[PDB]
Amino acid sequence: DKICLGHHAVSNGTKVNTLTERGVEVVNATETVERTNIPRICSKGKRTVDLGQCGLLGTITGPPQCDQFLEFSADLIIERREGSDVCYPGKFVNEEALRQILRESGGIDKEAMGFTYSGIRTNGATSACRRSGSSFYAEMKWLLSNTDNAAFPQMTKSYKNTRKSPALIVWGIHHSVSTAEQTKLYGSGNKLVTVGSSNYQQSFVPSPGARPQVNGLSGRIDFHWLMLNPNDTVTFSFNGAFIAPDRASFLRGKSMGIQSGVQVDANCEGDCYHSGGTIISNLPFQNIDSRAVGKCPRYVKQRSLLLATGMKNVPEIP
Amino acid sequence: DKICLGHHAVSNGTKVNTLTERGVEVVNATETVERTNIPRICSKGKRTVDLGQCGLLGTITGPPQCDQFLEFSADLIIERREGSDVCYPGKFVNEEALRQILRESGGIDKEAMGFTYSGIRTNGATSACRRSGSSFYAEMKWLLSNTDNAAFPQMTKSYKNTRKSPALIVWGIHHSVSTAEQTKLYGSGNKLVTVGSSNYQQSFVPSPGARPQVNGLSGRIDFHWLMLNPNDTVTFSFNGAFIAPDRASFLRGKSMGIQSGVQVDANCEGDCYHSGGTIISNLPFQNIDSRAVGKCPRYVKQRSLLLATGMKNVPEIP
Amino acid sequence: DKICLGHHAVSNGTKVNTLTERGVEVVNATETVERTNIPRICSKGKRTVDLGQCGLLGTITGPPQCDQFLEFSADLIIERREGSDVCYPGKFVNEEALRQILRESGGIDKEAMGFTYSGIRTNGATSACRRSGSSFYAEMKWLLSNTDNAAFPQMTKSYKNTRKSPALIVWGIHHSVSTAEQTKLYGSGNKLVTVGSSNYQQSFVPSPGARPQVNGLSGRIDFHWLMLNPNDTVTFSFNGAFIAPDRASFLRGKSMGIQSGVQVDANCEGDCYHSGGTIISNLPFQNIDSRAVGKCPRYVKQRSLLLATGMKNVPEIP
Amino acid sequence: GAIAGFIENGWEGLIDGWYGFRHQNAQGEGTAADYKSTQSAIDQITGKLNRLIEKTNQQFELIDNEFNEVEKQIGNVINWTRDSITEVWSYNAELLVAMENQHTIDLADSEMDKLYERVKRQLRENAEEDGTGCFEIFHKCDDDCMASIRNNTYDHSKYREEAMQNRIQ
Amino acid sequence: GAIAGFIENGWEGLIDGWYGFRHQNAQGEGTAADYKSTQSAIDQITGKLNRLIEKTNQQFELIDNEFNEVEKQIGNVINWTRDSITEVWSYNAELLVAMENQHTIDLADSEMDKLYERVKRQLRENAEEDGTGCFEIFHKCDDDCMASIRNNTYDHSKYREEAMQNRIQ
Amino acid sequence: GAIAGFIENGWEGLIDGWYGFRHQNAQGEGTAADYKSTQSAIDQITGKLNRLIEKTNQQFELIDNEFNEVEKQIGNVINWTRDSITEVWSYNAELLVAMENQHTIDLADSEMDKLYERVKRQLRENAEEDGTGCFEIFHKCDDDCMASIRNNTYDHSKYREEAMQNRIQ
Ligand SMILES: *[C@@H]1O[C@H](CO)[C@@H](O[C@@H]2O[C@H](CO)[C@@H](O[C@@H]3O[C@H](CO)[C@@H](O)[C@H](O)[C@@H]3O)[C@H](O)[C@H]2NC(C)=O)[C@H](O)[C@H]1NC(C)=O
Ligand SMILES: *[C@@H]1O[C@H](CO)[C@@H](O[C@@H]2O[C@H](CO)[C@@H](O[C@@H]3O[C@H](CO)[C@@H](O)[C@H](O)[C@@H]3O)[C@H](O)[C@H]2NC(C)=O)[C@H](O)[C@H]1NC(C)=O
Ligand SMILES: *[C@@H]1O[C@H](CO)[C@@H](O[C@@H]2O[C@H](CO)[C@@H](O[C@@H]3O[C@H](CO)[C@@H](O)[C@H](O)[C@@H]3O)[C@H](O)[C@H]2NC(C)=O)[C@H](O)[C@H]1NC(C)=O
Ligand SMILES: *[C@@H]1O[C@H](CO)[C@@H](O)[C@H](O)[C@H]1NC(C)=O
Ligand SMILES: *[C@@H]1O[C@H](CO)[C@@H](O)[C@H](O)[C@H]1NC(C)=O
Ligand SMILES: *[C@@H]1O[C@H](CO)[C@@H](O)[C@H](O)[C@H]1NC(C)=O
Ligand SMILES: *[C@@H]1O[C@H](CO)[C@@H](O)[C@H](O)[C@H]1NC(C)=O
Ligand SMILES: *[C@@H]1O[C@H](CO)[C@@H](O)[C@H](O)[C@H]1NC(C)=O
Ligand SMILES: *[C@@H]1O[C@H](CO)[C@@H](O)[C@H](O)[C@H]1NC(C)=O
């Protein structure tokens, strides 16, 4: 009579690594590094905007592409590569900082700044901003002299933020193709735009000159922005080449912004995103995208790291 | 007859975590994460300055608030929220880099730069810099024309650093409320200030324009700084709207700067600080402030991590 | 009769550390932290350039020092402290970003931009750029009026990148010692240089003024650069004080740049460098240089961390 | 036609447990699994699993842009920081798994010993070790007796006379 | 009114040591602590403590400002770096403590075994294991004899005849 | 002129192996090394070594300049990041080595036990432990018999009668 103590084993052994051995067989193991991707944006439970052709910064100035998003609201914001912040050729100064701000704004609430003008045209328009016919940015006013070559009077407009949150203020400087064109629009002489706050002070001059044609146009409108503290005021002194704002922006709350090139899905529920889709996993690590955002597992170089979930596999002596 | 081997146990067991179990009772444990804060700045053994109303950058230009600190010396430097670098409204360019420099300067040693002027007023003063009566920055000279609307002659002042350490040079550009005011002070025409070194080259223009009233004033003085290498020279060519320095600054040695809103204590001895006080601990980790500075334990998310200092607690069978 | 089981031991024991003990003797141990340095640059298998007196940025503009490197090619690029990007006193804007770009360029391929000029001198030269006699940057053209004090006509030159790779474009602004000198060179009046692309827009003004003499000269030429996208065009509108490029640069491929003050060796083969030499090691850690580059072991504070390669050493009872 | 326990081999036929008993008596050969040691091991492994499932509440947002590249200097600083951090987590992950697996394997062996040691202590002086993980029982152990061992109800006092007799001569 | 050692229970009455002896003879019941094994365990635990007390000489200074916020871009890069680093140290701390505690517990069990094994080897063939951490001594062991075991001066040769006699029959 | 095994002492004379046998019979004293346990331990240690030799393919380039210092703000951010990372790797290295060494030492002890346990199981009832890592063999074991133990060919059945006779009286 005889009694033996033993432990189970398989022929279906899977190799793992330890401190000492490399490829020691265990009975059972599981993966710790996610590689399984969902090529969609799982948006269930989250208010989502697919800006598409509307560049995120375009939601503030308002080219035609962004007309639907002028006062949008979201929990998740999706930028698209075909997006554009611009109709009339140009770019923001400190663009990326502004994007990072708007990506977690929860959307924007617009408010009239209430500027009034005299002895001046405000109907500045272009073929590039076609909305039915020639037009311009929806939240801005392209200011001209009055007739042609006429003198542009010095002006000084101010706006106070009477709200409990900081106000996104945006203005533009226009750079004509030539001094001949700058003169035709705003009259002769050097042009200066000054912008004053209570924690901000800058100065701006147009730079007329030949440039490559973008959208058929060699002129550039470069945008500038600041955040106006509550109860503080901004003041705009200028005498031409100035793109005045009509409204200010206020951040709605909290959101998250991503860039992607895949479709959205309102049935799937996720919280970790990259440009190629959504990562849903309880695994501690992932090997999909180093730049993945949201609440994600840590990114690693390795594609696989097997965790032993069973004892060492020792074959039976036949 | 019978002899048994055993180990001690308690009813006063404390739970800890391991690789496998969560909440396994051990006989004895200790905390590894500090949460105990001392709401004071333990300054014993360290020469300490509580700048109070004097902004750190104000120690260089010298508004009234910083008159006691014009040549201060310290091992520990404390900034206060009510601090201000300014009497006449304005701000430094590259302010934070400069703060970071002065926080470990060990204090400053000032030295006359020896500038002399002719056909010009140097008694520029303001109501904002009240020291008894109207005055100005202590280390600077506000230069004017001579009478009113009068022409400001072109000038060119230079200064060599004859010392073995780099010299902190600071100058200011004045931005008048109007071109009318700029003319009244420095005469008509465009104004240029050039600053030349042997590893630095910049240029500056005033930007006269309406701005909100700070301290009743709509004018701005924005400051600029550079570090002059030993035996190198700076040169100031200008024709108005220039805030000239009277003295240069030299760093005394080594120190540490903090921002805080709690009192100082000269009896307690510490080496790790945050805005809310001092952390004195031999524990490897802390959960008080992520931005804590000095020589500190590592910051962690968790408030508690118990380290077992005793065996597993196994209750006696009654 | 008696049989005993035992393990070996030595009198030559070496102390290591564990979780519990500090200085526990083991039979045998090995070092895990490299401290052994090779005070040479092991360049075997790698095409190597020792720029010497030629600053890396100088390879683009082409002072005399860099004439051998105007179209260099390398796998490894070595900067030297005596290096200089300049003959006529000045500096690049965004210099470090440009260096970082060129360090992994694999070298540069130059191409004529094909600019032609009329009613203007292009033979701008200086004593500082002596190449036989007075000369100038090899890839640039110093443009003047024509006689002296003469008017400099407005010009507008453009260049398209007809290649599949981005083009490094470099131009210069000249800052005369005086407006008197600026007038003598380019005529009277304010001078403007505009630079336009399809993702870039800037503007430039000369800042004439007295500066310290570098190489006997008080004038400064500060350089500016951009990357021109394939099939995109740059346009230069100007009326004086402009340092025009003659050729554009194209990146050859991939390389690595280091700064060092030690000789090169073509026999030794390495892949981890610092300014003091090469680190060749299979050890996981190193305590030589925190800024070491290439493929290196991790830098640590400790000079030594012994890994036990033998059992605990227990002396024999004598 | 002999049987052998742990020490050079596992049992591929043991399919209802991790650890178990295998015996042979007059009634033949039999194999049963031990619950307590099996569950203990399973509890410890799943314990590790739950620990590695503990998600983070740290949210991270975009710091650069893959449509419109940020400035070179700050862009290279970012890539340098992320790559450095990635190197750190890759190391941690590699070490964590390697360390865990070494422990999972060892605690599995540990449970085997404890079971063997328990049975040895049940049998007292009525059995001897064969050196293959088995015990040579020096008395008659029918299927009921074998079951008494498996459920820790084996009273060695009952068999002690018969056993020591057979052991001594 | 029996006594039992380790293996399902500790002793709450053992208050002058970590490991100890408990006996019963004609003179009654007694409990004493073992010094050597207790101190060894204490030396190892405090050893870990001193190791975790080893402070750093790395000084860190302010990189941002909580009165006057720095620029957004560089400010977000900083927060992103600090949060990433914080995630790393939080992980390290969690793992360090978990790993240490697992080892502290195991080395404590280890010391218990070593003590039990030592006593077993002292008694030779004069005792048998009861399976509760105790030894059944097959001879008269007065308080002096019990003390001889605790201080490793028990000469089994002295009791070997009387013991084997009582064990065999 | 006695001999002793592990448990308070190693053998400085054992120079051809890590673990070994030392005996004394009528033919005198002898010492031989055991191959299997020695190689197993060596395989595990070198296993760690190769693991720590696994180089990285992560390339890093210059992010600052030691000839011409970068701007203060971005320069301090860089130094702050590198120092923070350095603190992390220094910690990892310290912990890795400490953790490895603790394990290297323990697995070495483990191998010693396994060897001792194997020999104990070979000898069956023909020997007793002396408590110094040695076995008192209760029969004549010439050099050939000692060799039979070292190569696991010792048949205890051959010596069982003579042994139990000498053990009992
Ligand atoms: C080999 O190892 C894997 C990994 O542990 C084992 O698979 C695991 O099996 C358990 C139970 O079947 C799964 O638990 C499940 O949890 C989810 C979530 O609570 C629940 O919805 C399920 O109903 C189930 O209770 C566990 O998820 C699963 N792990 C994986 C990665 O699939 C497997 O059992 C092991 N092999 C053997 C033969 O035991
Ligand atoms: C439960 O665990 C804690 C943590 O180890 C034990 O408390 C510790 O007790 C020792 C000795 O009483 C303390 O050592 C001390 O060191 C300081 C600094 O050198 C010295 O000034 C003291 O005179 C003393 O020697 C140690 O600091 C203390 N740890 C803590 C966190 O208070 C405690 O003893 C354990 N419980 C039991 C019942 O042992
Ligand atoms: C004490 O520990 C050290 C570290 O393990 C031992 O030195 C090591 O010895 C081995 C074999 O002699 C060396 O392996 C070698 O590998 C290289 C590369 O493949 C090969 O070219 C050699 O021919 C040899 O096979 C190993 O490099 C070496 N390690 C070091 C750091 O030198 C040493 O043996 C130990 N002491 C004793 C007494 O065993
Ligand atoms: C609001 O602004 C006014 C001036 O416009 C100022 O006097 C006042 O202090 C500010 N704050 C409040 C709370 O009124
Ligand atoms: C000091 O400055 C002079 C010119 O001002 C220069 O010639 C000299 O090289 C510098 N250095 C020393 C050590 O004199
Ligand atoms: C090249 O440039 C021309 C204008 O110069 C433009 O029309 C065209 O789209 C560009 N790309 C290609 C592929 O021709
Ligand atoms: C950052 O890394 C990505 C990944 O390859 C690269 O494409 C990008 O160019 C890097 N950023 C910069 C500024 O080079
Ligand atoms: C950095 O983090 C702090 C902590 O909440 C936050 O208040 C601050 O706004 C962050 N910095 C920036 C630039 O957003
Ligand atoms: C970065 O660290 C090095 C190392 O000491 C130091 O020399 C340098 O000054 C630091 N950078 C800055 C901008 O201070």
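Residues numbered from 1 in each chain as written, not as in the entry; some residues may be left out. Chains lettered and ligands numbered in written order. Heavy atoms only, no water.

- As summarised from the PDB record, the model derives from X-ray crystallography at a stated resolution of 2.7053 Å.

### Structural notes on the overall build of chain D
Piece 1. The helix and strand tally for chain D stands at 4 helices and 4 strands.
Piece 2. Reading chain D from its N end, one meets helices and strands in the order β-β-α-α-β-β-α-α.
Piece 3. A globule of 169 residues ought to have a C-alpha radius of gyration of about 15 Å, yet chain D, at 27 Å, is considerably larger.
Piece 4. Along the three orthogonal principal directions, the C-alpha set of chain D runs to about 90 × 25 × 25 Å.
Piece 5. For chain D, the residues scored as buried account for 57% of the 169 residues in total. (Helix = DSSP H or I, 4+ residues; strand = E, 2+ residues; numbered from the N terminus. Rg over C-alpha atoms; globule rule 2.2 N^0.38 Å. Buried < 20%, exposed > 50% of the residue type's maximum accessible area, 1.4 Å probe, protein only.)

### Topic: the interface of chain A and chain D
Piece 1. Facing 60 residues of chain A, the contacting portion of chain D comprises 73 residues.
Piece 2. Counting the contacts that link chain A with chain D gives 5 salt bridges.
Piece 3. We note a salt bridge from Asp64(D) to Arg291(A), for which the minimum N-O separation is 2.9 Å.
Piece 4. Counting only elements with at least two residues in the side of chain A that touches chain D, the list comes to strand 1 (2–7), strand 2 (14–17), strand 3 (22–26), helix 2 (95–102), strand 22 (256–259), strand 27 (293–294), strand 28 (298–299) and strand 29 (306–308) of chain A. (Contact = heavy atoms within 4.5 Å. Salt bridge = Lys/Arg side-chain N within 4 Å of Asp/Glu carboxyl O.)

### Let's talk about the state of the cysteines
Piece 1. By the definition in use, this model includes 18 disulfides over all chains.
Piece 2. Put simply, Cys4(C) and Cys134(F) are joined by a disulfide, and their sulfur atoms are 2.0 Å apart. The disulfide joining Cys4(C) to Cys134(F) has a torsion of about 100 degrees about its S-S bond and is therefore right-handed. With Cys4(C) in strand 1 (residues 2–7) and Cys134(F) in strand 4 (residues 134–137), the pair connects residues from two separate chains.
Piece 3. Note on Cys134(F): relative accessible area 0%, which makes it buried. (Disulfide = S-S within 2.5 Å.)

### Digging into the sheet that holds strand 7 (residues 48–50) of chain C
Residue and element names in this part refer to chain C.
Piece 1. The strand order 7-8-22 describes an open sheet built from 3 strands, whose pairing is parallel. Strand pairing shows two members of the sheet lacking a second neighbour, strand 7 and strand 22 (256–259), which therefore form its edges. Each strand of the sheet is rotated relative to its neighbour by a mean of 20 degrees, with strand direction disregarded.
Piece 2. In this structure, strand 7 lies alongside strand 8 (residues 76–79), joined through 3 bridges in parallel fashion. (Pairing = 2+ DSSP bridges. Axes fitted to C-alpha atoms, helices over the stretch in contact; angles between N-to-C directions.)

### Focus: the interface of chain B and chain D
Piece 1. Across the boundary between the two partners, chain B contributes 5 residues, which contact 9 residues of chain D.
Piece 2. Together chain B and chain D conceal approximately 570 Å² of surface at their shared face, both sides included; 54% is due to carbon and sulfur atoms.
Piece 3. For the pair chain B and chain D, the number of links is 1 salt bridge.
Piece 4. Linking chain B with chain D are 0 residue pairs in polar contact.
Piece 5. Looking at side-chain class alone, the side of chain B that touches chain D contains 1 nonpolar, 2 polar and 2 charged residues. (Buried area = accessible area lost by both parts, 1.4 Å probe. Polar contact = N/O pair within 3.5 Å; in protein donor to acceptor, adjacent residues only side chain to side chain. Nonpolar A, V, L, I, M, F, W, Y, C, P; charged D, E, K, R; others polar.)

### Some thoughts on the packing of helix 2 (residues 95–102) of chain B against helix 2 (residues 72–123) of chain F
Piece 1. Between helix 2 of chain B and helix 2 of chain F, the shortest axis-to-axis distance is 8 Å and the interhelical angle comes to 60 degrees. Between helix 2 of chain B and helix 2 of chain F, the angle falls in the class oblique. Of helix 2 of chain F, the residues touching helix 2 of chain B (which contributes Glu96(B), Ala97(B), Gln100(B) and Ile101(B)) are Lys72(F), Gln73(F) and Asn76(F).
Piece 2. Residues belonging to the contact of helix 2 of chain B with helix 2 of chain F are distributed by class as follows: 2 nonpolar, 3 polar and 2 charged. (Parallel < 35°, antiparallel > 145°, perpendicular 65-115°, else oblique.)

### Topic: the domain arrangement of chain A
All names here are of chain A.
Piece 1. Structurally, chain A comprises domain 1 (1–46 + 263–318) and domain 2 (47–262).
Piece 2. Summarising the inter-unit geometry, the C-alpha centres of domain 1 and domain 2 are found 49 Å apart.
Piece 3. Listed by partner, the interface residues are 16 residues for domain 1 and 13 residues for domain 2.
Piece 4. Summed over both partners, the interface of domain 1 with domain 2 comes to about 960 Å²; 69% of that surface belongs to carbon and sulfur atoms.
Piece 5. Among the residues domain 1 hides against domain 2, the three largest losses belong to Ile-41, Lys-46 and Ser-275. Together they make up 44% of the total.
Piece 6. Across the contact surface, domain 1 and domain 2 share 0 salt bridges. (Domains from an automatic or database assignment.)

### A look at the packing of aromatic side chains
Residues and elements named next belong to chain C.
Piece 1. Within this structure, the stated rule accounts for 48 aromatic pairs over all chains.
Piece 2. For the ring pair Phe-136 and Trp-142, a centre distance of 5.4 Å and an interplane angle of 35 degrees mean the geometry is tilted.
Piece 3. We classify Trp-142 as buried; its relative accessible area is 8%.
Piece 4. Residues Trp-171 and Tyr-200 carry aromatic rings whose centres are separated by 6.2 Å and whose planes lie at 80 degrees to one another, so their mutual orientation is edge-to-face. Of this pair, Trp-171 sits in strand 15 (residues 167–175) while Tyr-200 sits in the loop between strand 16 (193–196) and strand 17 (201–204), and the two are 29 residues apart along the sequence.
Piece 5. For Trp-171, a relative accessible area of 0% translates into the label buried.
Piece 6. Residue classification places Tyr-200 among the buried residues on the basis of a relative accessible area of 15%. (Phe/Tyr/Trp six-rings, centres within 6.5 Å; stacked < 30°, edge-to-face > 60°.)

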